[PDB]
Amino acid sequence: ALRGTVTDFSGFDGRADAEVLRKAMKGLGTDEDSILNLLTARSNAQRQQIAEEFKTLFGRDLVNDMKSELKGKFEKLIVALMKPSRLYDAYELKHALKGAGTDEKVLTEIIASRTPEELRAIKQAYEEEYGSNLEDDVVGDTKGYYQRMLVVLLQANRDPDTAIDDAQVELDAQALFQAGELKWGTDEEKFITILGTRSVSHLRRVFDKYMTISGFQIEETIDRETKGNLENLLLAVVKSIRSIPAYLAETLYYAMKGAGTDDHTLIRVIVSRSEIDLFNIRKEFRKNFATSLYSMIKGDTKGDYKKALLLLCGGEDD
């Protein structure tokens, strides 16, 4: 089903690669091209072996050297590529959760698009690396029903996907209907329980049945009924239930579409997903926004930063 764009290099020689990186950084100047070309052609697991080979050979920390050598978004991108996959999302959450100014967008984006299996793994690493419990931090920086929805998601206790029970589908569609459009005000608690705990396959049927019953797509009602953080979260969960790739492909588009670029989001989605479903993200991107993810990036991004991105991305036609 899911297809990433980066895979294990076959003739991988951890030690050979390490000296190419040493050569590329020794002396004045930097051969940002050898780095960029080597690192985007190796999987994340290989990038980690390369990192330790470099240390056992030169007694130097690879990431630390590049940090001092590279500059700008190119650096930020290459630094993101070096982060172990099992730690990156935790890392991104901690930096958004550094709530002197919490970045809800990132919280909503990661928590809504990651599966329960991924949420569990993410909560694990986060505590092992930051000696903090993810939930505690979230509850600490967020308030209201937004905070509640995230904690519901954080439990990673979504029902399993079993045979759909039509009566059950009718029950839930009608319930959301009464909890929103037919109610003076909104019963957000009801939306959160259903959207946050029913299985994915079940909710897909509910969204369809809800359409038939009310004449509205759940997304429209959500926009009619809610506002702010909760709305975004609810839209993100709904969109993810329908298709994680499409949701991610959509968040990518809007990161660029406007003027300039939301480099962080562009970096996070591409890196975090390069080895999961970035190929799929690419298809749903073309399908909808009419342009290739490639062409889109290629035209928004500059220099080296643009080249590494295009290499990780790939697919001119997608």
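Numbering starts at 1 and runs along the sequence shown.
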(message) Mean Cα B factor from the PDB record: higher for 133-141, or higher for 93-101?
(response) 93-101
(message) On mean Cα temperature factor in this entry, is 250-258 or 275-283 the higher one?
(response) 250-258
(request) Determine which member of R60, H264, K67, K26 has the highest CA B-factor, using the values in the deposited entry. (result) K26
(request) Please pick out which of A163, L81, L154, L234 has the largest Cα B-factor as recorded in the entry. (result) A163
(message) For the chain shown, is the CA B-factor of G72 in the lowest, middle or highest third of its modelled residues?
(response) highest
(message) Test of reading the entry: by CA B factor among the chain's modelled residues, which third contains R224?
(response) middle
(message) By the recorded C-alpha temperature factor, relative to the other modelled residues in its chain, which third is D208 in?
(response) lowest
(message) Please say which third, lowest, middle or highest, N44 falls into when its CA temperature factor is compared across its chain.
(response) lowest
(message) Please place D159 in the lowest, middle or highest third of its chain according to the CA B-factor in the PDB entry.
(response) middle
